[PDB]
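Beneath this line is the structure, given in structure tokens, with notes to follow.
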Amino acid sequence: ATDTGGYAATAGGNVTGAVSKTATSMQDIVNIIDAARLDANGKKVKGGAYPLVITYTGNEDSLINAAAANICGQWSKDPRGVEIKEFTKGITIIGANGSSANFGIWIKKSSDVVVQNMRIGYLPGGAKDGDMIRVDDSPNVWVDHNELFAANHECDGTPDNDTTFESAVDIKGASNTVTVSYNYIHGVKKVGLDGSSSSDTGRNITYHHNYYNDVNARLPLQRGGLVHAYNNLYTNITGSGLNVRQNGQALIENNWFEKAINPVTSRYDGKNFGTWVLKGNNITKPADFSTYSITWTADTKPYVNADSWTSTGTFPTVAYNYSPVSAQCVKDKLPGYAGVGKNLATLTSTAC
Ligand SMILES: [Ca+2]
């Protein structure tokens, strides 16, 4: 019921007393959440009055298709997103098949929120934090079976030459336990941070069974804490992958890396290098780099790359229960389980 296969343990809105609602538009989602804060007497209840299961049936393909055709006109528009602020009764936002959104989900100071089967893409407002999914000061969040996409490209003359599009899954603050699973993330320059700054360290996050394709960096950009990445398929990484910083620890197991530049590294700070424990990935030694097109580059400040493909530290005993399939099975099967319209199907060895 509360098993996500990672550090997050939540059933979201699928609990006792849950109220099911259908949202046909972004504004409905907003109105529905607002109504869920009132008690039988019409007075607001801190954290929400009752649990919710919102089924989003909206479709914004027209907005998405128009944006895909004019990539550079997106960054300067107003950002669009539904905010889930201080809602702790339990909430699940699940898209209907055929559903789509050109707006993001921004979670702040909440807990026990699950967002599933949502196809989100080409969001406007990259220069004003137009994230697809943001988890801020929010423990027990599960982002599962979603398709997050844009174009892995940077337009000219954008603020900081970094704002053509914002991130897919940014995690920051006290979001102590989070699970990011079965997502199909493609065409994204900045996938997601795990800590917004050098001081924003900590958290225990699990990234499992995600399919990354044509992404530039931040898988994630980790600042301290623990990150467990297993059964992910990493292909066409154009910049860097898992960047473990501020003495963070990562357990990188049974993943498949292919056509990736700097898949596992610790760079951009020049100090306080993170560590990684590598085991069961398709790459087992430097000899495999050529086999899978793994390239390494240096940085202008002191850095550490896993070009020796050896463990550089340790990792505490993994709390939860999980059963990873082989890296080969991920490569062969994952694409059919990750994303939307897969009916939240999970990959087990039985299917390998
Ligand atoms: Ca952001």
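In listed order, ligands and their atoms are each counted from 1. Just so you know, residue 1 is the first one in the sequence shown, and it goes up from there. Hydrogens, waters and symmetry mates play no part in the numbers below; they use all other heavy atoms, side chains included.
Between OD2 of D170 and OD2 of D131, the angle at the Ca ion (ligand 1) works out to 90°, rounded to 10 degrees.
Atom OE1 is the N/O/S atom of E166 found closest to the Ca ion (ligand 1). The Ca ion (ligand 1) is closest to atom OD1 of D129 (considering only N, O or S atoms).
Relative orientation of the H145 and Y182 rings is parallel, given thresholds of 30° and 60° on the angle between their planes.
Using a distance-only test at 3.5 Å, with no hydrogens or angles considered, a donor-acceptor pair links the side chain of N254 to the main chain of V325. Side chain of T163 to backbone of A127: no donor-acceptor contact under 3.5 angstrom is found.
Pairing each heavy atom of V143 with each of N183, the nearest pair is O-ND2, 3.1 Å.
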